[PDB]
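See below for the structure under consideration.
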Amino acid sequence: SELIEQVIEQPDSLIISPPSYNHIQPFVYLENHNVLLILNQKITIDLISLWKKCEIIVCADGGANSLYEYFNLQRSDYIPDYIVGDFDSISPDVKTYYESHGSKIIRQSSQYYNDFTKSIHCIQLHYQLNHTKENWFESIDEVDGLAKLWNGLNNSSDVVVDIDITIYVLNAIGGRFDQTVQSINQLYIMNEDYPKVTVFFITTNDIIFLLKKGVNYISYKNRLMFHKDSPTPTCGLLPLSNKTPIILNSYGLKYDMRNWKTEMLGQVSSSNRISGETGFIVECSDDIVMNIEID
Amino acid sequence: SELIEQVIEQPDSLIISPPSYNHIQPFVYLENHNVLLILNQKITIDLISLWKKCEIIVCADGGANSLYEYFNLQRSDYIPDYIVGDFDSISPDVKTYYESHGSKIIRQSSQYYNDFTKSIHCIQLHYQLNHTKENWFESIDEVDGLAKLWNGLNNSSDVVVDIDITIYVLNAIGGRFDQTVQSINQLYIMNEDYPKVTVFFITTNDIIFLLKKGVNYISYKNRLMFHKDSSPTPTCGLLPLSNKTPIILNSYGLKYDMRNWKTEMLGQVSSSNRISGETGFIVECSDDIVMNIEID
Ligand SMILES: Cc1ncc(C[n+]2csc(CCO)c2C)c(N)n1
Ligand SMILES: Cc1ncc(C[n+]2csc(CCO)c2C)c(N)n1
Ligand SMILES: [Mg+2]
Ligand SMILES: [Mg+2]
Ligand SMILES: [Mg+2]
Ligand SMILES: [Mg+2]
């Protein structure tokens with residue numbers, strides 16, 4: 001708390017050279033094992049382009065409707081590998097359609113896990129058991145079998161801890177606020193327990209991800225890739241965990257921070273902008289969420 | 001930390017008697033110095049009904065476009081009292097329109113406060129100086145005059161700490177994520193600094209407000225006022241988004257009632273909960289905590 005906090009107003013363009021540090025490339029999809037997780041909300045992004053870059057696609061219940069309604073390109077060319085959840089939102093017509101086309105249906109009635117977490121368990125269990133059994137999900141407990149199987153396969157130590165996964169999550173932010181918060185909560189929890197799983201929330205307004213404790217280097221070919229020709233893209237660093245405060249040091253943002261303490265009920269960097277033409281750096285005393293405006 | 005955490009599954013309908021405690025009535029606007037603050041996003045709700053119940057209406061920059069574009073039955077009958085911000089989003093056409101109709105224009109170029117906080121300062125200063133001077137905002141510092149004039153006077157001098165205000169904020173949630181978080185951050189900050197100011201974020205999906213440390217009693221005529229007759233009961237969540245953690249919760253009237261239940265980010269968080277109380281419910285918390293309730 002001794003070091004003086006600083007906020008440096010930088011020029012609109014700067015060249016930041018690469019800094020062990022955490023390297024983040026949020027916009028590769030706009031050019032590891034890629035996964036597309038589709039939650040329940042209208043799909044506005046270029047679904048097709050994202051789909052083509054993913055190994056598996058999972059729909060979280062109502063998310064299947066969102067996928068279905070997007071084509072009304074041939075709908076039959078994009079069948080989700082898995083459809084997971086309590087199914088209190090997916091419509092029979094949509095359910096029938098995809099089931100007849102081969103989607104692996106996994107019903108989980110548990111009222112203690114949401115469609116997002118259930119879908120996440122499905123994804124993790126997939127990369128652990130699918131190469132062994134195509135129907136690994138069959139006959140499992142219909143209440144919370146995924147949850148039990150996941151955090152239970154670790155007791156037998158049959159879990160491959162080494163596998164880099166990138167999960168692109170659609171429709172998880174922006175809707176009901178408690179769902180947005182649970183999604184962020186899971187983002188933090190998942191990094192704590194599964195640091196090799198990288199999650200990107202792609203929304204209508206921005207891309208949201210997690211900066212890891214320590215140095216983070218975020219790169220991209222150029223800002224034009226995600227910001228059509230404001231002259232510069234906006235961003236924010238959001239201290240939403242139970243670890244507070246967070247000490248930030250950035251290099252490449254319009255309002256660069258040095259030994260700047262951030263915390264909810266304190267100062268929070270919002271409406272910041274990106275000056276780095278090819279990348280920027282953010283060092284943090286603990287994991288922290290970052291959002292970057294897209295288009 | 002010793003008491004056992006409990007989650008009690010309750011029937012879909014329960015009768016909760018009132019509890020000394022914080023009484024919250026989030027839906028009276030569907031059923032007091034009311035203020036309507038409009039940020040920049042398309043207006044989906046029944047604007048006119050809310051406007052009618054508000055004493056003052058403020059547009060945060062682009063929020064003026066949102067108000068203007070809403071009438072695309074007479075736009076001229078709804079002129080905002082103030083239009084505040086750096087004005088990078090408001091369009092000249094809209095700006096000229098309301099200007100000519102008497103809206104009080106308060107430009108603040110400061111790049112260290114957003115349109116929301118600037119609008120909040122304007123609202124607080126209004127209830128302090130407006131009754132004494134109609135054009136109190138004139139000639140103030142155009143960079144951060146509102147910010148300096150407020151807290152710079154919020155010190156035992158002219159301020160009148162006794163003033164109950166209810167601010168209804170539109171378009172503050174659901175847009176760019178950093179704006180959503182800054183809004184929630186301010187929600188927390190405002191309560192500790194200005195406890196008599198009650199804020200309600202009205203979004204396309206729910207109403208969001210703050211539960212105060214201690215006992216909270218949320219009441220309404222019936223769940224029908226905010227939940228049209230797939231799901232029989234309205235959804236809700238208790239979100240621990242402050243730097244005070246963990247929060248111990250004790251609820252009476254939710255579908256999944258909590259007892260001695262510790263909530264925190266990176267821990268367990270109550271989401272997709274539901275309201276069983278027919279006329280209200282109780283939530284006791286060890287510290288302020290955010291609550292959202294589905295509106296449909
Ligand atoms: C670390 C840091 N983050 C953001 C801002 C300023 N930012 C916050 S509000 C606003 C104006 C919005 O109309 C801007 C540009 C800063 N100064 N320092
Ligand atoms: C305190 C508390 N809050 C929420 C839930 C359960 N809730 C969380 S996920 C889910 C199912 C969503 O499809 C439900 C109902 C609980 N059990 N206890
Ligand atoms: Mg569901
Ligand atoms: Mg579920
Ligand atoms: Mg503005
Ligand atoms: Mg501003």
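Ordering of the structure tokens sets the chain letters (A, B, ...); residue numbers start at 1 within each chain; ligands are numbered from 1 in the order shown.
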- prompt: When the cut-off is 12 Å and you count only C-alpha atoms and all ligand atoms, which residues lie near ligand 4, shown as a VMD selection string?
  reply: (chain A and resid 39 to 40 60 to 63 83 to 90 106 to 120 142 to 144 146 to 147 179) or (chain B and resid 271 to 273)
Interface residues on chain A facing chain B, 6 Å, only C-alpha atoms, written as an MDAnalysis selection string: chainID A and resid 174 176 178 185 188:189 205 236 241:242 264:265 270
Using N, CA and C atoms, can you export the residues from the last selection as a short mmCIF file (atom, residue, chain, number, x, y, z; two decimals), in the first residue's frame?
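Writing done, so here's result_9.cif:
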data_model
loop_
_atom_site.label_atom_id
_atom_site.label_comp_id
_atom_site.auth_asym_id
_atom_site.auth_seq_id
_atom_site.Cartn_x
_atom_site.Cartn_y
_atom_site.Cartn_z
N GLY A 174 -25.61 -10.85 -20.16
CA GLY A 174 -26.58 -9.92 -20.71
C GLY A 174 -28.04 -10.19 -20.39
N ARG A 176 -30.67 -12.52 -17.68
CA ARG A 176 -31.01 -12.37 -16.27
C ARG A 176 -29.69 -12.20 -15.52
N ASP A 178 -28.67 -12.73 -12.42
CA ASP A 178 -28.16 -13.80 -11.56
C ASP A 178 -27.45 -14.87 -12.39
N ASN A 185 -18.91 -16.29 -11.75
CA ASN A 185 -18.47 -17.07 -10.59
C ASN A 185 -17.80 -18.35 -11.10
N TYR A 188 -14.24 -17.91 -12.57
CA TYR A 188 -13.21 -17.87 -11.54
C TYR A 188 -12.93 -19.25 -10.97
N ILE A 189 -13.99 -19.96 -10.61
CA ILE A 189 -13.86 -21.30 -10.03
C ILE A 189 -13.14 -22.24 -10.98
N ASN A 205 -22.01 -7.33 -27.05
CA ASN A 205 -21.18 -6.14 -26.89
C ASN A 205 -19.66 -6.33 -26.77
N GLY A 236 -12.46 -3.02 -19.87
CA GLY A 236 -12.61 -2.86 -18.44
C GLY A 236 -11.95 -4.02 -17.71
N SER A 241 -14.02 -11.14 -7.70
CA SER A 241 -13.80 -12.34 -6.90
C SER A 241 -13.75 -11.96 -5.41
N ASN A 242 -13.51 -12.95 -4.56
CA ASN A 242 -13.46 -12.73 -3.12
C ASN A 242 -12.04 -12.37 -2.68
N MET A 264 -14.36 -3.85 -5.66
CA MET A 264 -15.74 -3.41 -5.70
C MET A 264 -15.87 -2.62 -4.40
N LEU A 265 -16.63 -1.52 -4.43
CA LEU A 265 -16.80 -0.62 -3.28
C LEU A 265 -15.56 0.27 -3.23
N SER A 270 -13.24 1.16 -15.71
CA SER A 270 -14.25 0.89 -16.73
C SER A 270 -14.09 2.00 -17.75
#
field: Env. residues ligand 6 / 12 Å / only C-alpha atoms and all ligand atoms / as a count of residues only
entry: 38
message: When you count only C-alpha atoms, which of these residues is closest to residue B:122: B:104, B:227, B:33, B:23?
response: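 Using only C-alpha atoms, residue B:122 sits closest to B:104.
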Exercise: stretch 95-103 of chain A partners within 6 Å, only C-alpha atoms, chain neighbours under 6 positions left out, as a tab-separated table (two decimals) with N, CA and C atoms, in the first residue's frame:
chain	number	residue	atom	x	y	z
A	80	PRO	N	-25.57	-30.06	-33.04
A	80	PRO	CA	-24.74	-30.00	-31.83
A	80	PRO	C	-24.40	-31.40	-31.33
A	81	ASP	N	-23.15	-31.59	-30.91
A	81	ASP	CA	-22.71	-32.88	-30.41
A	81	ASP	C	-23.49	-33.26	-29.16
A	82	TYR	N	-23.70	-32.30	-28.27
A	82	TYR	CA	-24.44	-32.57	-27.04
A	82	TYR	C	-25.50	-31.50	-26.77
message: What parts of stretch 15-242 of chain A does DSSP call helix (DSSP H, G or I)? I'd like the answer as an MDAnalysis selection string.
response: chainID A and resid 28:30 47:51 63:69 75:77 92:100 115:129 145:153 177:193 223:225
query: Between B:252, B:261, B:97, B:127, which has the minimum distance to residue B:13 (counting only C-alpha atoms)?
result: B:252
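If only C-alpha atoms and all ligand atoms are the atoms counted, then among A:295, A:2, A:9, A:164 the closest residue to ligand 1 is A:9.
If you count only C-alpha atoms and ignore residues fewer than 4 places along the chain from residue A:196, what sits within 8 Å of it is residues 162, 163, 164, 165 and 191 of chain A.
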query: Hey, what's within 6 Å of residue B:251 if we count only C-alpha atoms and toss same-chain stuff fewer than 6 positions away? As a VMD selection string, please?
result: chain B and resid 257 to 258 282 to 283
Written selection (N, CA, C and O atoms) as a short mmCIF file (atom, residue, chain, number, x, y, z; two decimals), in the first residue's frame:
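Result written to part-v4.cif:
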data_model
loop_
_atom_site.label_atom_id
_atom_site.label_comp_id
_atom_site.auth_asym_id
_atom_site.auth_seq_id
_atom_site.Cartn_x
_atom_site.Cartn_y
_atom_site.Cartn_z
N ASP B 257 -34.87 -21.76 0.43
CA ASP B 257 -34.54 -20.87 1.55
C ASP B 257 -33.20 -21.25 2.16
O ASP B 257 -32.85 -22.43 2.25
N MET B 258 -32.47 -20.24 2.59
CA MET B 258 -31.15 -20.45 3.16
C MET B 258 -31.09 -20.15 4.66
O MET B 258 -31.79 -19.27 5.15
N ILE B 282 -38.48 -12.58 3.36
CA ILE B 282 -37.46 -11.99 4.20
C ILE B 282 -36.06 -12.51 3.87
O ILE B 282 -35.88 -13.69 3.60
N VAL B 283 -35.08 -11.62 3.87
CA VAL B 283 -33.70 -12.02 3.65
C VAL B 283 -32.85 -11.25 4.64
O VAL B 283 -32.88 -10.02 4.68
#
task: Figure out the distance between atom CA of residue B:51 and atom CA of residue B:35, please, to one decimal in Å.
output: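 Atom-to-atom, atom CA of residue B:35 to atom CA of residue B:51, that is 8.6 Å.
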- prompt: In stretch 55-139 of chain A, what's strand (DSSP E) per DSSP? Answer as a ChimeraX atom specification?
  reply: /A:56-60,82-85,104-107
Selection above as a file: N, CA, C and O atoms, as a PDB file, in the first residue's frame:
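Saved to out.pdb:
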ATOM      1  N   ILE A  56     -16.089 -29.523 -30.864  1.00  0.00           N
ATOM      2  CA  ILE A  56     -17.399 -29.977 -30.410  1.00  0.00           C
ATOM      3  C   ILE A  56     -18.276 -28.780 -30.078  1.00  0.00           C
ATOM      4  O   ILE A  56     -17.779 -27.706 -29.722  1.00  0.00           O
ATOM      5  N   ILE A  57     -19.583 -28.975 -30.205  1.00  0.00           N
ATOM      6  CA  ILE A  57     -20.552 -27.934 -29.914  1.00  0.00           C
ATOM      7  C   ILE A  57     -21.555 -28.489 -28.918  1.00  0.00           C
ATOM      8  O   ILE A  57     -22.085 -29.586 -29.106  1.00  0.00           O
ATOM      9  N   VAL A  58     -21.814 -27.735 -27.857  1.00  0.00           N
ATOM     10  CA  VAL A  58     -22.761 -28.165 -26.842  1.00  0.00           C
ATOM     11  C   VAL A  58     -23.825 -27.096 -26.621  1.00  0.00           C
ATOM     12  O   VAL A  58     -23.509 -25.910 -26.481  1.00  0.00           O
ATOM     13  N   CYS A  59     -25.086 -27.517 -26.610  1.00  0.00           N
ATOM     14  CA  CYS A  59     -26.198 -26.609 -26.371  1.00  0.00           C
ATOM     15  C   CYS A  59     -26.722 -26.828 -24.964  1.00  0.00           C
ATOM     16  O   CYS A  59     -26.998 -27.963 -24.565  1.00  0.00           O
ATOM     17  N   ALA A  60     -26.846 -25.743 -24.211  1.00  0.00           N
ATOM     18  CA  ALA A  60     -27.363 -25.819 -22.855  1.00  0.00           C
ATOM     19  C   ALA A  60     -28.865 -25.582 -22.925  1.00  0.00           C
ATOM     20  O   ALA A  60     -29.324 -24.439 -22.991  1.00  0.00           O
ATOM     21  N   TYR A  82     -23.700 -32.303 -28.271  1.00  0.00           N
ATOM     22  CA  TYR A  82     -24.439 -32.567 -27.042  1.00  0.00           C
ATOM     23  C   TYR A  82     -25.499 -31.500 -26.770  1.00  0.00           C
ATOM     24  O   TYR A  82     -25.356 -30.342 -27.166  1.00  0.00           O
ATOM     25  N   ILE A  83     -26.564 -31.911 -26.096  1.00  0.00           N
ATOM     26  CA  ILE A  83     -27.638 -31.017 -25.687  1.00  0.00           C
ATOM     27  C   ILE A  83     -27.808 -31.466 -24.247  1.00  0.00           C
ATOM     28  O   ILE A  83     -28.159 -32.621 -23.984  1.00  0.00           O
ATOM     29  N   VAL A  84     -27.529 -30.549 -23.325  1.00  0.00           N
ATOM     30  CA  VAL A  84     -27.547 -30.829 -21.894  1.00  0.00           C
ATOM     31  C   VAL A  84     -28.431 -29.902 -21.057  1.00  0.00           C
ATOM     32  O   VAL A  84     -28.603 -28.728 -21.380  1.00  0.00           O
ATOM     33  N   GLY A  85     -28.969 -30.432 -19.963  1.00  0.00           N
ATOM     34  CA  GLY A  85     -29.799 -29.620 -19.087  1.00  0.00           C
ATOM     35  C   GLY A  85     -31.045 -30.303 -18.563  1.00  0.00           C
ATOM     36  O   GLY A  85     -31.302 -31.475 -18.855  1.00  0.00           O
ATOM     37  N   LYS A 104     -26.309 -35.898 -28.962  1.00  0.00           N
ATOM     38  CA  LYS A 104     -26.319 -36.706 -27.749  1.00  0.00           C
ATOM     39  C   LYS A 104     -27.084 -35.954 -26.671  1.00  0.00           C
ATOM     40  O   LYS A 104     -26.631 -34.920 -26.174  1.00  0.00           O
ATOM     41  N   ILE A 105     -28.246 -36.487 -26.309  1.00  0.00           N
ATOM     42  CA  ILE A 105     -29.103 -35.859 -25.318  1.00  0.00           C
ATOM     43  C   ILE A 105     -28.782 -36.291 -23.897  1.00  0.00           C
ATOM     44  O   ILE A 105     -28.830 -37.476 -23.574  1.00  0.00           O
ATOM     45  N   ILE A 106     -28.451 -35.323 -23.047  1.00  0.00           N
ATOM     46  CA  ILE A 106     -28.137 -35.615 -21.658  1.00  0.00           C
ATOM     47  C   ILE A 106     -29.009 -34.788 -20.726  1.00  0.00           C
ATOM     48  O   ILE A 106     -28.747 -33.609 -20.486  1.00  0.00           O
ATOM     49  N   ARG A 107     -30.053 -35.417 -20.205  1.00  0.00           N
ATOM     50  CA  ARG A 107     -30.955 -34.750 -19.284  1.00  0.00           C
ATOM     51  C   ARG A 107     -30.398 -34.838 -17.870  1.00  0.00           C
ATOM     52  O   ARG A 107     -29.931 -35.893 -17.443  1.00  0.00           O
TER      53      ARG A 107
END
message: Need the shell around residue B:43: protein/DNA/RNA residues with any atom at most 9 Å away, counting only C-alpha atoms. Skip same-chain ones fewer than 5 positions apart. Format as a ChimeraX atom specification?
response: /B:38,66-67,69-70,170-171,204
Store the residues picked out above in a file with N, CA and C atoms, as an mmCIF file, in the first residue's frame.
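Saved as again-v5.cif:
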data_model
loop_
_atom_site.group_PDB
_atom_site.id
_atom_site.type_symbol
_atom_site.label_atom_id
_atom_site.label_comp_id
_atom_site.auth_asym_id
_atom_site.auth_seq_id
_atom_site.Cartn_x
_atom_site.Cartn_y
_atom_site.Cartn_z
ATOM 1 N N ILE B 38 -32.090 7.767 -17.270
ATOM 2 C CA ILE B 38 -32.041 7.017 -18.521
ATOM 3 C C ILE B 38 -30.671 6.982 -19.177
ATOM 4 N N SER B 66 -32.004 7.541 -26.765
ATOM 5 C CA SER B 66 -32.891 6.441 -26.395
ATOM 6 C C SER B 66 -34.296 6.962 -26.121
ATOM 7 N N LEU B 67 -34.379 8.084 -25.413
ATOM 8 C CA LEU B 67 -35.668 8.688 -25.098
ATOM 9 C C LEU B 67 -36.330 9.233 -26.367
ATOM 10 N N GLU B 69 -35.652 8.432 -29.635
ATOM 11 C CA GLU B 69 -35.953 7.326 -30.543
ATOM 12 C C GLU B 69 -37.085 6.413 -30.085
ATOM 13 N N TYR B 70 -37.551 6.609 -28.857
ATOM 14 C CA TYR B 70 -38.629 5.798 -28.306
ATOM 15 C C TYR B 70 -39.974 6.182 -28.914
ATOM 16 N N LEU B 170 -32.580 3.111 -15.947
ATOM 17 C CA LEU B 170 -32.827 2.324 -17.151
ATOM 18 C C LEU B 170 -31.555 2.213 -17.980
ATOM 19 N N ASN B 171 -31.417 1.099 -18.694
ATOM 20 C CA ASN B 171 -30.285 0.877 -19.590
ATOM 21 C C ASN B 171 -28.882 0.844 -18.970
ATOM 22 N N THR B 204 -34.388 -5.146 -19.058
ATOM 23 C CA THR B 204 -35.274 -5.895 -19.932
ATOM 24 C C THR B 204 -35.715 -7.195 -19.256
#
- request: With a distance cut-off of 9 Å and only C-alpha atoms, select the neighbouring residues of residue B:28, excluding the residue or stretch itself and same-chain residues fewer than 3 positions from it, and output the selection as a list in words.
  value: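 Skipping anything fewer than 3 positions along the chain leaves residues 25, 31, 220 and 221 of chain B.
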- request: Enter the distance from atom CA of residue B:16 to atom CA of residue B:254, in Å, rounded to one decimal.
  value: 10.0 Å
